[PDB]
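**Student:** What follows is target.txt; its format and atoms are compact mmCIF, C-alpha atoms and all ligand atoms.
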# COMPACT_ATOMS: atom_id res chain seq x y z
CA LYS A 6 -1.01 5.28 13.55
CA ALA A 7 -3.47 2.85 11.94
CA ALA A 8 -0.85 1.96 9.31
CA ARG A 9 1.80 1.14 11.93
CA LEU A 10 -0.67 -0.97 13.92
CA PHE A 11 -1.62 -2.85 10.75
CA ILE A 12 2.02 -3.84 10.21
CA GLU A 13 2.61 -4.73 13.87
CA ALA A 14 -0.46 -6.99 13.86
CA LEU A 15 0.93 -8.96 10.91
CA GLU A 16 4.51 -8.95 12.17
CA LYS A 17 3.35 -10.15 15.60
CA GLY A 18 0.47 -12.36 14.43
CA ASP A 19 -1.84 -10.44 16.78
CA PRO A 20 -5.55 -10.60 15.80
CA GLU A 21 -6.67 -8.33 18.65
CA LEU A 22 -4.31 -5.61 17.41
CA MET A 23 -5.76 -5.98 13.87
CA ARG A 24 -9.29 -5.63 15.30
CA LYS A 25 -8.35 -2.10 16.42
CA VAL A 26 -7.65 -0.89 12.87
CA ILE A 27 -10.34 -2.80 10.94
CA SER A 28 -13.96 -1.81 10.30
CA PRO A 29 -16.95 -4.03 9.26
CA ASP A 30 -16.66 -2.76 5.68
CA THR A 31 -12.90 -3.33 5.40
CA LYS A 32 -12.38 -5.14 2.07
CA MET A 33 -9.34 -7.35 1.51
CA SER A 34 -8.07 -9.38 -1.42
CA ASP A 35 -5.45 -11.99 -0.57
CA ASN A 36 -4.29 -13.22 -3.99
CA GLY A 37 -7.87 -13.17 -5.31
CA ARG A 38 -9.50 -14.49 -2.13
CA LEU A 39 -11.88 -11.86 -0.76
CA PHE A 40 -12.23 -11.20 2.97
CA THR A 41 -14.50 -8.57 4.53
CA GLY A 42 -14.65 -7.12 8.06
CA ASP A 43 -14.00 -9.59 10.88
CA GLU A 44 -12.76 -12.07 8.26
CA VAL A 45 -9.61 -9.90 8.20
CA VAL A 46 -9.13 -10.53 11.93
CA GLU A 47 -9.54 -14.26 11.25
CA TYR A 48 -6.88 -13.98 8.53
CA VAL A 49 -4.46 -12.88 11.26
CA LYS A 50 -5.50 -15.70 13.60
CA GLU A 51 -4.53 -18.01 10.75
CA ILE A 52 -1.08 -16.35 10.56
CA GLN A 53 -0.59 -17.02 14.24
CA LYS A 54 -1.95 -20.60 14.04
CA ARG A 55 0.42 -21.41 11.17
CA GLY A 56 3.45 -19.79 12.81
CA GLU A 57 4.00 -17.44 9.85
CA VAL A 58 6.66 -14.77 10.29
CA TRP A 59 5.92 -11.54 8.45
CA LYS A 60 8.61 -8.86 8.23
CA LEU A 61 8.23 -5.37 6.75
CA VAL A 62 11.17 -4.68 4.39
CA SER A 63 10.23 -1.29 2.93
CA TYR A 64 7.25 0.97 2.21
CA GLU A 65 6.03 4.07 0.41
CA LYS A 66 3.01 6.34 0.92
CA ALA A 67 0.89 8.71 -1.17
CA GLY A 68 -1.89 10.43 0.75
CA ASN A 69 -4.04 7.71 2.36
CA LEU A 70 -2.43 4.96 0.23
CA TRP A 71 0.42 2.85 1.59
CA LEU A 72 2.41 0.17 -0.19
CA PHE A 73 4.55 -2.31 1.76
CA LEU A 74 7.09 -4.89 0.63
CA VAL A 75 7.18 -7.72 3.16
CA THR A 76 8.76 -11.14 3.43
CA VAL A 77 6.76 -14.06 4.77
CA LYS A 78 8.56 -17.05 6.31
CA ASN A 79 6.92 -20.45 6.80
CA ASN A 80 8.75 -23.81 7.23
CA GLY A 81 12.24 -22.59 6.28
CA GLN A 82 10.68 -20.96 3.18
CA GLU A 83 10.92 -17.16 2.64
CA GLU A 84 8.85 -15.34 -0.01
CA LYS A 85 8.19 -11.70 -0.99
CA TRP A 86 4.72 -10.13 -0.95
CA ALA A 87 3.35 -6.70 -1.73
CA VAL A 88 0.71 -5.31 0.63
CA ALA A 89 -1.35 -2.26 -0.32
CA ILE A 90 -3.66 -0.50 2.15
CA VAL A 91 -6.01 2.46 2.08
CA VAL A 92 -6.50 4.22 5.43
CA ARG A 93 -9.42 6.49 6.33
CA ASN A 94 -10.51 7.86 9.72
CA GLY A 95 -7.96 5.72 11.59
CA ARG A 96 -9.27 2.53 9.92
CA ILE A 97 -7.97 0.32 7.12
CA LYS A 98 -10.63 0.48 4.40
CA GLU A 99 -9.09 -1.66 1.65
CA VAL A 100 -6.18 -4.13 1.61
CA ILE A 101 -4.49 -6.14 -1.12
CA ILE A 102 -1.91 -8.86 -0.50
CA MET A 103 -0.23 -10.08 -3.68
CA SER A 104 2.56 -12.61 -4.23
CA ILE A 105 5.57 -11.32 -6.18
CA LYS B 6 -12.39 2.09 -17.08
CA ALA B 7 -10.00 4.57 -15.45
CA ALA B 8 -7.87 1.66 -14.19
CA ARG B 9 -7.56 0.12 -17.67
CA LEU B 10 -6.66 3.49 -19.21
CA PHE B 11 -4.01 4.01 -16.53
CA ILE B 12 -2.32 0.74 -17.53
CA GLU B 13 -2.63 1.40 -21.27
CA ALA B 14 -1.02 4.83 -20.83
CA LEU B 15 2.02 3.25 -19.16
CA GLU B 16 2.17 0.27 -21.49
CA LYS B 17 1.94 2.58 -24.53
CA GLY B 18 3.92 5.51 -23.10
CA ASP B 19 0.98 7.79 -23.93
CA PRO B 20 0.86 11.00 -21.85
CA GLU B 21 -2.39 12.22 -23.43
CA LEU B 22 -4.11 9.00 -22.38
CA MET B 23 -2.82 9.49 -18.80
CA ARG B 24 -4.20 13.06 -18.81
CA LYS B 25 -7.70 11.57 -19.20
CA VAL B 26 -7.52 9.66 -15.89
CA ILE B 27 -5.53 12.14 -13.76
CA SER B 28 -6.83 15.07 -11.71
CA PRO B 29 -4.90 18.14 -10.36
CA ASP B 30 -4.83 16.58 -6.88
CA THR B 31 -3.60 13.17 -8.04
CA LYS B 32 -0.72 12.26 -5.69
CA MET B 33 2.01 9.86 -6.80
CA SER B 34 5.09 8.42 -5.11
CA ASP B 35 7.65 6.89 -7.46
CA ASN B 36 10.12 5.22 -5.09
CA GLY B 37 9.94 8.17 -2.69
CA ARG B 38 9.83 10.87 -5.36
CA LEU B 39 6.55 12.77 -5.10
CA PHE B 40 4.63 13.92 -8.18
CA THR B 41 1.30 15.78 -8.12
CA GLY B 42 -1.26 16.48 -10.87
CA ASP B 43 0.20 17.28 -14.30
CA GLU B 44 3.58 16.06 -13.01
CA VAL B 45 2.09 12.55 -13.43
CA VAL B 46 1.50 13.28 -17.13
CA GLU B 47 5.13 14.44 -17.38
CA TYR B 48 6.21 11.17 -15.74
CA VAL B 49 4.67 9.37 -18.72
CA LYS B 50 6.33 11.69 -21.24
CA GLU B 51 9.59 10.62 -19.61
CA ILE B 52 8.67 6.94 -20.15
CA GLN B 53 8.13 7.65 -23.81
CA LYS B 54 11.31 9.78 -24.14
CA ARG B 55 13.40 7.02 -22.56
CA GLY B 56 11.84 4.22 -24.62
CA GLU B 57 10.74 2.32 -21.50
CA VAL B 58 8.55 -0.72 -22.07
CA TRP B 59 6.04 -1.36 -19.31
CA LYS B 60 4.07 -4.62 -19.28
CA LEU B 61 1.26 -5.56 -16.88
CA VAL B 62 1.88 -9.10 -15.55
CA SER B 63 -0.93 -9.49 -13.01
CA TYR B 64 -3.26 -7.50 -10.76
CA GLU B 65 -5.74 -7.65 -7.90
CA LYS B 66 -8.50 -5.30 -6.74
CA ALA B 67 -10.34 -4.51 -3.50
CA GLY B 68 -13.03 -1.86 -3.85
CA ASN B 69 -11.39 1.27 -5.31
CA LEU B 70 -7.87 -0.07 -4.66
CA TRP B 71 -5.91 -1.82 -7.40
CA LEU B 72 -2.50 -3.45 -7.18
CA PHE B 73 -0.50 -4.27 -10.33
CA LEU B 74 2.69 -6.26 -10.85
CA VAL B 75 4.48 -4.93 -13.92
CA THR B 76 7.82 -5.45 -15.61
CA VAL B 77 9.75 -2.48 -16.94
CA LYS B 78 12.30 -2.96 -19.73
CA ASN B 79 15.03 -0.43 -20.54
CA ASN B 80 18.30 -1.14 -22.44
CA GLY B 81 18.05 -4.96 -22.42
CA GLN B 82 17.32 -4.76 -18.66
CA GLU B 83 14.02 -6.11 -17.24
CA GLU B 84 12.88 -5.37 -13.66
CA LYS B 85 9.72 -5.96 -11.58
CA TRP B 86 7.69 -3.13 -10.03
CA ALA B 87 4.55 -2.95 -7.95
CA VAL B 88 2.04 -0.24 -8.83
CA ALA B 89 -0.81 0.64 -6.46
CA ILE B 90 -3.64 2.98 -7.44
CA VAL B 91 -6.74 4.39 -5.80
CA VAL B 92 -9.58 5.28 -8.19
CA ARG B 93 -12.47 7.64 -7.42
CA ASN B 94 -15.04 9.21 -9.75
CA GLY B 95 -13.27 7.90 -12.86
CA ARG B 96 -9.96 9.49 -11.77
CA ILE B 97 -6.77 8.11 -10.27
CA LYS B 98 -6.43 9.81 -6.88
CA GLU B 99 -3.27 8.20 -5.49
CA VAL B 100 -0.50 6.12 -7.08
CA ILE B 101 2.56 4.34 -5.73
CA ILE B 102 5.29 2.82 -7.87
CA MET B 103 7.76 0.72 -5.89
CA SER B 104 10.74 -1.36 -7.01
CA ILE B 105 10.69 -5.01 -5.91
ZN ZN C 201 9.38 -4.91 11.17
ZN ZN C 202 -0.46 -5.56 -21.15
What would the structure in this file look like if it were written as structure tokens?
**Tutor:**
Amino acid sequence: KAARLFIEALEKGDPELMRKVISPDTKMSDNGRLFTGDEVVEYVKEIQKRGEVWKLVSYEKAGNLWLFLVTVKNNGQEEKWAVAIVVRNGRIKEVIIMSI
Amino acid sequence: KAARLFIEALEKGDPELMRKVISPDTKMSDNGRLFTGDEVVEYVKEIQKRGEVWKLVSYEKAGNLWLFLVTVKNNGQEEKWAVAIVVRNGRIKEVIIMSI
């Protein structure tokens, strides 16, 4: 459930949805930039502010680890990103977003 | 340490190195194919048997989560793959290998 909500929050640029699956100790690396806790919710506000369109293309899963391939669109420009998450107790604990 | 050994085992096609950082409950998904425990060591034997050349290009990290971008070469053919790992207690617990 948490994993689906994570994707929907990005795809819809919905910070309040992302708040539901984040914890204060959620750790995220966005291409080397570190964000913790509510900073992850702010990351999503920035998606919405910019008008970024995220689309899930495909994913795999092993236990509590998920790996997503997504495209991000911004100003007629489409690019591929890999997004890795660890889920525990209905919360996203760690997140990595990396440019391909 | 475990994370570096994981990469070196792939890059060098060394099953015995991979044995050092795997546990019996290590779970791996290789593009939807599930491997557990010693099956991960056998995955590396298959790399070496085939003559596959893996090269780490870049990586990021958030807590115990690592995400690697690697190229794999095989028969004059080079392709990009994303490799996500979770490390705990010096062991790889979960692994995902996904084609880009
Ligand atoms: Zn979608
Ligand atoms: Zn290397």
**Student:** Counting only C-alpha atoms and all ligand atoms, name the residues that have an atom within 10 Å of an atom of ligand ZN 201 (chain C); the answer should be given as a PyMOL selection string.
**Tutor:** chain A and resi 9+12-13+15-17+59-63+75-76
**Student:** Residues of chain A within 10 Å of chain B, using all atoms listed in the file, as a PDB file with C-alpha atoms, in the coordinates of the input?
**Tutor:**
ATOM      1  CA  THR A  31     -12.900  -3.330   5.400  1.00  0.00           C
ATOM      2  CA  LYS A  32     -12.380  -5.140   2.070  1.00  0.00           C
ATOM      3  CA  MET A  33      -9.340  -7.350   1.510  1.00  0.00           C
ATOM      4  CA  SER A  34      -8.070  -9.380  -1.420  1.00  0.00           C
ATOM      5  CA  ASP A  35      -5.450 -11.990  -0.570  1.00  0.00           C
ATOM      6  CA  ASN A  36      -4.290 -13.220  -3.990  1.00  0.00           C
ATOM      7  CA  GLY A  37      -7.870 -13.170  -5.310  1.00  0.00           C
ATOM      8  CA  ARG A  38      -9.500 -14.490  -2.130  1.00  0.00           C
ATOM      9  CA  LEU A  39     -11.880 -11.860  -0.760  1.00  0.00           C
ATOM     10  CA  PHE A  40     -12.230 -11.200   2.970  1.00  0.00           C
ATOM     11  CA  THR A  41     -14.500  -8.570   4.530  1.00  0.00           C
ATOM     12  CA  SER A  63      10.230  -1.290   2.930  1.00  0.00           C
ATOM     13  CA  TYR A  64       7.250   0.970   2.210  1.00  0.00           C
ATOM     14  CA  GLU A  65       6.030   4.070   0.410  1.00  0.00           C
ATOM     15  CA  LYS A  66       3.010   6.340   0.920  1.00  0.00           C
ATOM     16  CA  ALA A  67       0.890   8.710  -1.170  1.00  0.00           C
ATOM     17  CA  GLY A  68      -1.890  10.430   0.750  1.00  0.00           C
ATOM     18  CA  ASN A  69      -4.040   7.710   2.360  1.00  0.00           C
ATOM     19  CA  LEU A  70      -2.430   4.960   0.230  1.00  0.00           C
ATOM     20  CA  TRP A  71       0.420   2.850   1.590  1.00  0.00           C
ATOM     21  CA  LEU A  72       2.410   0.170  -0.190  1.00  0.00           C
ATOM     22  CA  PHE A  73       4.550  -2.310   1.760  1.00  0.00           C
ATOM     23  CA  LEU A  74       7.090  -4.890   0.630  1.00  0.00           C
ATOM     24  CA  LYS A  85       8.190 -11.700  -0.990  1.00  0.00           C
ATOM     25  CA  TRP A  86       4.720 -10.130  -0.950  1.00  0.00           C
ATOM     26  CA  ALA A  87       3.350  -6.700  -1.730  1.00  0.00           C
ATOM     27  CA  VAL A  88       0.710  -5.310   0.630  1.00  0.00           C
ATOM     28  CA  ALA A  89      -1.350  -2.260  -0.320  1.00  0.00           C
ATOM     29  CA  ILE A  90      -3.660  -0.500   2.150  1.00  0.00           C
ATOM     30  CA  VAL A  91      -6.010   2.460   2.080  1.00  0.00           C
ATOM     31  CA  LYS A  98     -10.630   0.480   4.400  1.00  0.00           C
ATOM     32  CA  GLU A  99      -9.090  -1.660   1.650  1.00  0.00           C
ATOM     33  CA  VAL A 100      -6.180  -4.130   1.610  1.00  0.00           C
ATOM     34  CA  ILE A 101      -4.490  -6.140  -1.120  1.00  0.00           C
ATOM     35  CA  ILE A 102      -1.910  -8.860  -0.500  1.00  0.00           C
ATOM     36  CA  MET A 103      -0.230 -10.080  -3.680  1.00  0.00           C
ATOM     37  CA  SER A 104       2.560 -12.610  -4.230  1.00  0.00           C
ATOM     38  CA  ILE A 105       5.570 -11.320  -6.180  1.00  0.00           C
TER      39      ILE A 105
END
**Student:** Could I get chain A fitted onto chain B (least squares, all C-alpha atoms, in order) as a short mmCIF file (atom, residue, chain, number, x, y, z; two decimals) with C-alpha atoms, keeping the file's coordinate frame?
**Tutor:**
data_model
loop_
_atom_site.label_atom_id
_atom_site.label_comp_id
_atom_site.auth_asym_id
_atom_site.auth_seq_id
_atom_site.Cartn_x
_atom_site.Cartn_y
_atom_site.Cartn_z
CA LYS A 6 -12.40 2.09 -17.08
CA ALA A 7 -10.00 4.57 -15.45
CA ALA A 8 -7.87 1.66 -14.19
CA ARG A 9 -7.56 0.11 -17.67
CA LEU A 10 -6.67 3.49 -19.20
CA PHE A 11 -4.01 4.00 -16.53
CA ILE A 12 -2.32 0.74 -17.52
CA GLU A 13 -2.63 1.40 -21.26
CA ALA A 14 -1.02 4.83 -20.83
CA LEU A 15 2.02 3.26 -19.16
CA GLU A 16 2.17 0.27 -21.50
CA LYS A 17 1.94 2.58 -24.53
CA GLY A 18 3.92 5.51 -23.10
CA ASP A 19 0.98 7.78 -23.93
CA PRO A 20 0.85 11.01 -21.85
CA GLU A 21 -2.39 12.22 -23.44
CA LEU A 22 -4.12 9.00 -22.38
CA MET A 23 -2.82 9.49 -18.79
CA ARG A 24 -4.20 13.06 -18.81
CA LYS A 25 -7.70 11.58 -19.19
CA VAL A 26 -7.52 9.66 -15.89
CA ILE A 27 -5.53 12.14 -13.76
CA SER A 28 -6.82 15.07 -11.70
CA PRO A 29 -4.90 18.14 -10.36
CA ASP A 30 -4.83 16.58 -6.88
CA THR A 31 -3.60 13.17 -8.04
CA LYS A 32 -0.72 12.26 -5.69
CA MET A 33 2.01 9.86 -6.80
CA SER A 34 5.08 8.42 -5.12
CA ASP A 35 7.65 6.89 -7.46
CA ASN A 36 10.12 5.22 -5.09
CA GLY A 37 9.94 8.17 -2.69
CA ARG A 38 9.83 10.88 -5.37
CA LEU A 39 6.55 12.77 -5.10
CA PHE A 40 4.63 13.93 -8.18
CA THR A 41 1.30 15.77 -8.12
CA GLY A 42 -1.25 16.48 -10.87
CA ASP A 43 0.20 17.27 -14.30
CA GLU A 44 3.58 16.06 -13.01
CA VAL A 45 2.09 12.56 -13.43
CA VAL A 46 1.51 13.28 -17.13
CA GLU A 47 5.13 14.44 -17.38
CA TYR A 48 6.21 11.17 -15.74
CA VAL A 49 4.67 9.37 -18.72
CA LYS A 50 6.33 11.69 -21.24
CA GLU A 51 9.59 10.62 -19.61
CA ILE A 52 8.67 6.94 -20.15
CA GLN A 53 8.14 7.65 -23.82
CA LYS A 54 11.31 9.78 -24.14
CA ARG A 55 13.40 7.02 -22.56
CA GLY A 56 11.84 4.23 -24.62
CA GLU A 57 10.74 2.32 -21.50
CA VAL A 58 8.55 -0.72 -22.08
CA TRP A 59 6.04 -1.36 -19.30
CA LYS A 60 4.07 -4.61 -19.29
CA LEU A 61 1.26 -5.56 -16.89
CA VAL A 62 1.89 -9.10 -15.56
CA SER A 63 -0.92 -9.49 -13.02
CA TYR A 64 -3.26 -7.50 -10.76
CA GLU A 65 -5.73 -7.65 -7.90
CA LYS A 66 -8.50 -5.30 -6.74
CA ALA A 67 -10.34 -4.50 -3.50
CA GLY A 68 -13.03 -1.85 -3.85
CA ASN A 69 -11.39 1.28 -5.31
CA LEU A 70 -7.87 -0.08 -4.66
CA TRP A 71 -5.90 -1.81 -7.41
CA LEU A 72 -2.50 -3.45 -7.19
CA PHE A 73 -0.50 -4.27 -10.33
CA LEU A 74 2.68 -6.26 -10.85
CA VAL A 75 4.48 -4.94 -13.92
CA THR A 76 7.81 -5.45 -15.61
CA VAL A 77 9.75 -2.48 -16.93
CA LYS A 78 12.30 -2.96 -19.73
CA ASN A 79 15.03 -0.43 -20.53
CA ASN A 80 18.30 -1.15 -22.43
CA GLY A 81 18.05 -4.96 -22.42
CA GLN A 82 17.32 -4.76 -18.66
CA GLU A 83 14.02 -6.11 -17.23
CA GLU A 84 12.88 -5.37 -13.66
CA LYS A 85 9.72 -5.96 -11.58
CA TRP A 86 7.69 -3.13 -10.03
CA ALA A 87 4.55 -2.96 -7.95
CA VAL A 88 2.04 -0.23 -8.82
CA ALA A 89 -0.81 0.64 -6.46
CA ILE A 90 -3.64 2.99 -7.44
CA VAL A 91 -6.75 4.39 -5.80
CA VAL A 92 -9.58 5.28 -8.19
CA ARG A 93 -12.46 7.65 -7.42
CA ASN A 94 -15.05 9.21 -9.75
CA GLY A 95 -13.27 7.90 -12.86
CA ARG A 96 -9.96 9.49 -11.77
CA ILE A 97 -6.76 8.11 -10.27
CA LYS A 98 -6.43 9.81 -6.88
CA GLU A 99 -3.28 8.19 -5.48
CA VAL A 100 -0.50 6.12 -7.08
CA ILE A 101 2.56 4.34 -5.72
CA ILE A 102 5.29 2.81 -7.88
CA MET A 103 7.76 0.72 -5.89
CA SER A 104 10.74 -1.36 -7.01
CA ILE A 105 10.69 -5.01 -5.91
#
**Student:** So which one's closest to ligand ZN 202 (chain C), B:92, B:7, B:52, B:58? Using all atoms listed in the file, please.
**Tutor:**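 Among the listed residues, the smallest separation from ligand ZN 202 (chain C) belongs to B:58.
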**Student:** Record the distance separating atom CA of residue A:79 and atom CA of residue A:10, expressed in Å with one decimal.
**Tutor:**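 Computing the Euclidean distance for atom CA of residue A:79 and atom CA of residue A:10 yields 22.1 Å.
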**Student:** Which polymer residues have any atom within 9 Å of an atom of residue B:23, counting all atoms listed in the file, with same-chain residues fewer than 3 positions away left out, as a list in words?
**Tutor:**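 Within the cut-off, the hits are residues 10, 11, 12, 13, 14, 15, 18, 19, 20, 26, 27, 45, 46 and 49 of chain B.
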**Student:** What does the distance between atom CA of residue B:8 and atom CA of residue B:97 come to in Å, to one decimal place?
**Tutor:**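 Interatomic distance, atom CA of residue B:8 to atom CA of residue B:97: 7.6 Å.
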**Student:** For ligand ZN 202 (chain C), which residue out of B:50, B:44, B:93, B:77 is the nearest one, using all atoms listed in the file?
**Tutor:** B:77
**Student:** One number please: atom CA of residue B:94 to atom CA of residue A:94, in Å, one decimal.
**Tutor:**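 If I compute the distance from atom CA of residue B:94 to atom CA of residue A:94, I get 20.0 Å.
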**Student:** Please provide the set of residues having any atom within 10 Å of residue A:80, restricted to only C-alpha atoms, with same-chain residues fewer than 4 positions apart removed, written as a CSV table (one decimal) with C-alpha atoms, in the frame of the given file.
**Tutor:**
chain,number,residue,atom,x,y,z
A,55,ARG,CA,0.4,-21.4,11.2
A,56,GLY,CA,3.4,-19.8,12.8
A,57,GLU,CA,4.0,-17.4,9.8
A,58,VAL,CA,6.7,-14.8,10.3
